[PDB]
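Take a look at the structure set out below.
There are 2 protein chains.
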Amino acid sequence: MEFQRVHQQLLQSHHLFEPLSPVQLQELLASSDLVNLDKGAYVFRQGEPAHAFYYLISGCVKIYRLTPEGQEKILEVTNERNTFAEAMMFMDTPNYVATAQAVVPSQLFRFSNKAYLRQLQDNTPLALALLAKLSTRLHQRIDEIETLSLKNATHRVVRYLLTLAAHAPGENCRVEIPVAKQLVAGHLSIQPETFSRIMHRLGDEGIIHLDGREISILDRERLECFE
Amino acid sequence: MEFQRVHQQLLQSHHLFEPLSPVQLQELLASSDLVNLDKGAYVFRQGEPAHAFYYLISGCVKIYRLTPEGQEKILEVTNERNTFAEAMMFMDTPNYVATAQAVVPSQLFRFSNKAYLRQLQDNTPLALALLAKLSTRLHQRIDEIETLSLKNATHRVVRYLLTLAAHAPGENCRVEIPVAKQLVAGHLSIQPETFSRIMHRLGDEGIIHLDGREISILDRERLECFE
Numbered sequence: 001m002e003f004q005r006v007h008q009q010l011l012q013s014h015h016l017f018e019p020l021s022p023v024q025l026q027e028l029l030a031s032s033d034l035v036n037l038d039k040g041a042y043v044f045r046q047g048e049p050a051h052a053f054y055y056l057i058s059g060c061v062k063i064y065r066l067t068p069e070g071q072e073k074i075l076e077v078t079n080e081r082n083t084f085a086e087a088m089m090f091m092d093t094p095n096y097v098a099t100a101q102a103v104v105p106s107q108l109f110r111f112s113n114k115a116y117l118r119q120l121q122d123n124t125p126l127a128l129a130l131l132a133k134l135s136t137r138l139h140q141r142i143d144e145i146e147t148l149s150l151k152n153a154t155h156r157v158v159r160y161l162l163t164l165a166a167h168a169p170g171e172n173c174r175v176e177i178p179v180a181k182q183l184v185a186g187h188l189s190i191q192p193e194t195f196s197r198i199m200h201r202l203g204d205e206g207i208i209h210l211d212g213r214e215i216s217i218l219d220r221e222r223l224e225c226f227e
Numbered sequence: 001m002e003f004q005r006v007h008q009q010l011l012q013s014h015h016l017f018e019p020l021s022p023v024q025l026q027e028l029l030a031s032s033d034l035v036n037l038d039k040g041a042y043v044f045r046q047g048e049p050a051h052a053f054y055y056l057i058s059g060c061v062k063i064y065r066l067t068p069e070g071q072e073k074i075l076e077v078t079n080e081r082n083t084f085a086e087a088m089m090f091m092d093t094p095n096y097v098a099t100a101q102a103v104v105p106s107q108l109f110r111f112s113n114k115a116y117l118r119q120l121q122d123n124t125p126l127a128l129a130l131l132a133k134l135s136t137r138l139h140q141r142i143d144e145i146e147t148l149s150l151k152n153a154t155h156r157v158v159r160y161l162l163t164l165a166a167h168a169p170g171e172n173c174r175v176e177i178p179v180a181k182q183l184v185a186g187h188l189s190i191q192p193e194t195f196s197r198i199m200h201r202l203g204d205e206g207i208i209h210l211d212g213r214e215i216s217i218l219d220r221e222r223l224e225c226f227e
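Line by line, the protein sequences give chains A and B.
Heads up: the first sequence begins at 1 in the entry's author numbering, then just goes up one per residue.
Heads up: the second sequence begins at 1 in the entry's author numbering, then just goes up one per residue.
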């Protein structure tokens with residue numbers, strides 16, 4: 001009658017709970033407690049002894065720090081289905097170094113650090129399994145970033161060309177930019193190497209020709225797709 | 001005894017060699033051999049017994065699989081200053097599960113799996129330390145995805161507004177063609193929950209109306225600039 005039965009599925013997808021066996025998963029949930037917070041509610045203050053890490057189910061919780069001057073400086077924002085402040089465990093930190101707070105009515109789980117760290121201690125095969133899935137998941141995240149960051153790169157590139165190509169539609173050949181390839185990549189606040197991979201890709205397909213800074217557009221109808 | 005001077009300092013920056021003690025690293029470097037490959041060179045095949053993980057310093061190495069025996073399906077792409085196939089070390093598996101080939105001339109480090117496991121056994125603090133630097137890196141990568149994925153979505157929202165209302169004989173405040181909350185969601189292939197949020201943020205700056213029903217653009221010049 002106590003929760004359970006449906007919650008185990010929410011954690012079974014997370015990286016920190018995958019390596020754990022059904023027996024160890026229930027052993028950690030036994031010490032856990034459901035926490036409900038409202039708008040402007042603090043999770044843990046900067047100075048309180050570290051004894052538990054949290055797992056957000058739904059909502060938005062900010063961490064940030066209490067920087068000097070009297071202003072809050074945001075470090076990272078944790079969203080749904082993601083754990084935060086879990087690194088404070090195996091770091092052996094006695095107290096919290098951040099003041100967590102929820103902007104919107106959020107619901108979180110409170111897992112004890114003493115009931116999690118001790119389970120990892122001894123019987124290393126577990127820590128070995130934890131490092132296994134924790135790494136394979138860290139490589140898929142970088143792979144996604146490599147693709148997502150590339151999409152934003154392919155975006156600005158074409159966008160910066162269309163804004164100056166909007167001068168006499170049909171046959172676009174008037175391209176300014178007193179810059180020399182690489183140099184313009186540093187101004188657009190984007191990776192220098194990516195610009196030499198996107199422009200060259202358009203040349204291979206047969207859309208945009210390159211003749212040293214001199215950019216000529218063959219068809220504007222075939223550029224509206226990727227922009 | 002020494003193979004390189006700068007190459008040894010590059011490992012210190014990585015998360016899998018930082019927590020390791022200099023004394024333990026010296027014994028680990030003695031078993032490792034420097035590897036130099038060119039274009040179209042294979043690191044490890046999909047069948048041979050696994051006994052070493054690799055660390056890439058410069059270049060790019062693809063993996064893909066060949067077990068279904070049909071097409072070269074890519075699994076993960078690794079770049080410079082990143083380790084690949086290190087998860088095979090933890091998961092006591094006798095042989096590799098995937099292939100490996102470098103598309104561009106790359107230099108690699110061949111660290112033995114047995115030499116690293118011996119440093120993990122018995123010792124509990126070392127294992128937890130590795131997880132500490134590994135978890136903190138995950139937070140830094142995930143936070144970047146929450147921004148990049150949002151940027152890729154926002155730019156698309158500002159793109160469909162330009163295509164729907166461009167150099168036409170309509171009206172700035174009166175946009176042609178009605179728009180819903182589920183219709184555009186399929187035009188840009190984005191979450192339906194994010195679409196309503198983007199329209200709200202841009203509506204606060206003075207670009208749109210801030211409502212989903214009927215689009216009434218006040219500033220068309222501010223749209224072409226976007227993020």
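Note that the Cβ used here is the ideal one computed from N, Cα and C, for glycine as well.
Buried or exposed: which applies to residue i, given that a residue is buried once 16 or more other Cβ atoms fall within 10 Å of its Cβ?
i, result
"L164(A)", "exposed"
"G59(B)", "buried"
"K133(A)", "buried"
"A87(A)", "buried"
"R159(A)", "buried"
"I177(B)", "exposed"
"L202(B)", "buried"
"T78(A)", "buried"
"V184(B)", "buried"
"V23(B)", "exposed"
"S21(A)", "exposed"
"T67(A)", "exposed"
"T93(B)", "exposed"
Please list, in chain order, the chain B residues whose beta carbon lies closer than 9 Å to that of residue i.
i, result
"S58(A)", "The contacting residues do not exist; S58(A) stays about 12 Å from chain B at best."
"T124(A)", "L120, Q121, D122, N123, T124 and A127"
"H155(A)", "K151, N152, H155, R156 and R159"
Closer than 6 Å by C-beta to residue i: which residues in its own chain qualify, once you throw out the five before and the five after it? Chain order, please.
i, result
"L130(B)", "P19"
"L37(A)", "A102 and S106"
"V157(A)", "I198"
Just to make sure I have the definition right: I need the residues of chain B whose C-beta is within less than 7 Å of the C-beta of residue i. Which are they?
i, result
"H200(A)", "Chain B residues near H200(A): none, gap ~15 Å exceeds 7 Å."
"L37(A)", "The premise fails here: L37(A) is roughly 21 Å from chain B at the closest Cβ pair, so nothing lies under 7 Å."
"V184(A)", "Residues of chain B passing the Cβ test: none, with the nearest at roughly 17 Å."
"residue 229(A)", "The question about residue 229(A) has no answer, for chain A in this structure spans 1 to 227."
"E227(A)", "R159"
How about residue i and residue j: are their beta carbons less than 8 Å apart?
i, j, result
"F84(A)", "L28(A)", "no"
"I142(A)", "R81(B)", "no"
"residue 242(B)", "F44(B)", "Chain B is shown from 1 up to 227; residue 242(B) falls before or after that span and cannot be answered."
"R65(B)", "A30(B)", "no"
"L75(B)", "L138(A)", "no"
"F3(A)", "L34(A)", "yes"
"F109(B)", "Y42(B)", "no"
"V179(A)", "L161(A)", "no"
"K39(B)", "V104(B)", "yes"
"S196(B)", "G186(B)", "no"
"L128(A)", "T194(A)", "no"
Along chain A, in chain order, which residues have C-beta atoms closer than 9 Å to that of residue i?
i, result
"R137(B)", "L138"
Please look up how many angstroms separate the CB atoms of residue i and residue j, rounded, as I've assumed it's under 8 Å.
i, j, result
"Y96(B)", "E144(B)", "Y96(B) to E144(B), Cβ: 30 Å. No contact."
"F226(B)", "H167(B)", "With 8 Å as the limit, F226(B) and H167(B) do not qualify as a contact, their Cβ atoms being about 18 Å apart."
"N152(A)", "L10(B)", "No, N152(A) and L10(B) are not in contact; Cβ-Cβ is about 28 Å, not under 8 Å."
"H7(B)", "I57(B)", "7 Å"
Identify the contact partners of residue i in chain A, using a Cβ-Cβ distance below 7 Å as the criterion.
i, result
"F53(B)", "Correct list: empty, because the minimum Cβ distance to chain A is about 10 Å."
"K151(B)", "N152"
"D204(B)", "Chain A residues near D204(B): none, gap ~16 Å exceeds 7 Å."
"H7(B)", "Ordered by position in chain A, no residue passes the 7 Å Cβ test against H7(B), which lies about 22 Å from the chain."
"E2(B)", "The contacting residues do not exist; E2(B) stays about 29 Å from chain A at best."
Leaving out five residues before and five after residue i in sequence, what residues of the same chain have Cβ atoms less than 7 Å from its Cβ?
i, result
"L126(B)", "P19, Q119 and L120"
"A115(A)", "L28 and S31"
"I207(A)", "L218, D219, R222 and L223"
"residue 239(A)", "The structure shown does not extend to residue 239(A), since chain A spans only 1 to 227, so no value can be given for it."
"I190(B)", "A153 and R156"
In its own chain, which residues sit with a C-beta less than 8 Å from the C-beta of residue i, not counting the 5 before and 5 after it?
i, result
"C173(B)", "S216, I217 and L218"
"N113(A)", "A50, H51, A52, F53, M88 and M89"
"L188(A)", "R156, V157, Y160 and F195"
"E214(A)", "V175"
"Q12(B)", "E18"
"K73(B)", "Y64 and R65"
"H200(B)", "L210"
Name the chain A residues whose beta carbon is nearer than 8 Å to that of residue i?
i, result
"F90(B)", "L128, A129, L131, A132 and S135"
What does residue i reach in chain B if we use C-beta pairs closer than 8 Å?
i, result
"residue 278(A)", "Because chain A in this structure spans residues 1 to 227, residue 278(A) falls outside the shown range and cannot be described."
"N82(A)", "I142"
"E86(A)", "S135"
"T163(A)", "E224"
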